[PDB]
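Engineer: To start, I am sharing the structure in question, which I have written as structure tokens.
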Amino acid sequence: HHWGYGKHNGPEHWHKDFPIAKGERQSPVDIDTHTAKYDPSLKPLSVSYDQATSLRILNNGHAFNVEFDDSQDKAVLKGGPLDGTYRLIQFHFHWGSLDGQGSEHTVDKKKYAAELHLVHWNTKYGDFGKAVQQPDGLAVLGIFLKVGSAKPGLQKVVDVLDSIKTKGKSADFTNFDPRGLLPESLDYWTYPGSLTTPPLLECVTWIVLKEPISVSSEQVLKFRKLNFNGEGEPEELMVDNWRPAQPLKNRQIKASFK
Ligand SMILES: [Cl-]
Ligand SMILES: [Zn+2]
């Protein structure tokens, strides 16, 4: 009985193995755009992904991750609400069975078709595993996807998904440029929160971009052909791998824009 997204092991069950599921700084949340406070002290984000080195793509049974070489300061995020330099380690997505759901964060209760997470860790802590134990250990860039026109920069990703259909499969995935996934504007909301999968550690500064990117219906359809299960086991389609919005409790969402 490992956690997942089904009826018997899904997010409303996670608290039994991970009591921090009911904590004070759980993610994701609904971003109420009228209640978010403009904070003119927030700096622009600085995303330096020109030297990024992708290595590999892996189906880990909950999502697919694209992994980057984080042994040096090659793809980093700084600025915004952050102090110091955060290195990119992986990205992944959450998506739905239908185009009207899939995102983890919502905006005035609006759900998007999917959500991209670019996960970065604070270099002062030396490695990813030490970083997840700290309140300012991680910074996740969240980007909403809506269905419309195709995103050329994502096509490379969707074309290898056939080679990692089932849990545990990996494939070489070099020379992928994550700059092709960014929107035009870098305006954002930010709030302190958590990983949205177990172990749900409260170590994340969330930076959620206001402007979604567009993907085509055909592109998101290929995500939905992946499997939660391993090879040879009964087929369960990897769909609806998103955690519902959690209570904001004592937190303020700040916006970089008015
Ligand atoms: Cl993971
Ligand atoms: Zn995620």
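Chain labels follow the order of the structure tokens: the first chain is A, the next B, and so on; residue numbering restarts at 1 in every chain, and ligands are counted from 1 in their shown order.
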Using only C-alpha atoms and all ligand atoms, I'd like a table of the residues in chain A that come within 9 Å of ligand 2; for each, show the closest atom pair and its distance in Å rounded to one decimal, ordered by chain and ascending number, as CSV.

Structural biologist:
residue,atom,partner,partner_atom_place_in_ligand_line,distance
A:63,CA,ligand 2,1 (Zn),8.3
A:91,CA,ligand 2,1 (Zn),8.0
A:92,CA,ligand 2,1 (Zn),6.1
A:93,CA,ligand 2,1 (Zn),5.9
A:94,CA,ligand 2,1 (Zn),6.2
A:104,CA,ligand 2,1 (Zn),8.0
A:115,CA,ligand 2,1 (Zn),7.5
A:116,CA,ligand 2,1 (Zn),6.9
A:117,CA,ligand 2,1 (Zn),5.0
A:118,CA,ligand 2,1 (Zn),8.1
A:119,CA,ligand 2,1 (Zn),8.2
A:140,CA,ligand 2,1 (Zn),8.4
A:142,CA,ligand 2,1 (Zn),8.2
A:195,CA,ligand 2,1 (Zn),7.2
A:196,CA,ligand 2,1 (Zn),6.0
A:197,CA,ligand 2,1 (Zn),7.1
A:242,CA,ligand 2,1 (Zn),8.0

Engineer: Taking the DSSP secondary structure from the backbone, can you list the residues of region 70-216 of chain A that are alpha helix (DSSP H), as a JSON list (two decimals) with C-alpha atoms, in the first residue's frame?

Structural biologist:
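Generated output (selection-v2.json):
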[["chain", "number", "residue", "atom", "x", "y", "z"],
["A", 128, "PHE", "CA", 19.31, 18.23, -2.30],
["A", 129, "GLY", "CA", 18.80, 15.83, 0.64],
["A", 130, "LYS", "CA", 20.06, 18.38, 3.19],
["A", 131, "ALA", "CA", 18.13, 21.18, 1.49],
["A", 155, "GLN", "CA", 7.62, 18.49, -28.34],
["A", 156, "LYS", "CA", 10.95, 16.86, -27.57],
["A", 157, "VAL", "CA", 9.55, 15.78, -24.21],
["A", 158, "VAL", "CA", 6.30, 14.41, -25.55],
["A", 159, "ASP", "CA", 8.09, 12.36, -28.22],
["A", 160, "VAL", "CA", 10.13, 10.25, -25.76]]

Engineer: Between A:136, A:202, A:240, A:108, single out the one closest to residue 84 (chain A), counting only C-alpha atoms.

Structural biologist: A:136

Engineer: Point out the residue among A:206, A:189, A:223, A:86 with the least atom-to-atom distance to residue 26 (chain A), counting only C-alpha atoms.

Structural biologist: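 Looking at the shortest contact to residue 26 (chain A), the residue is A:206.
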
Engineer: Between CA of residue 199 (chain A) and CA of residue 13 (chain A), what distance in Å does the model show, to one decimal?

Structural biologist: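 Computed distance, CA of residue 199 (chain A) to CA of residue 13 (chain A), equals 13.0 Å.
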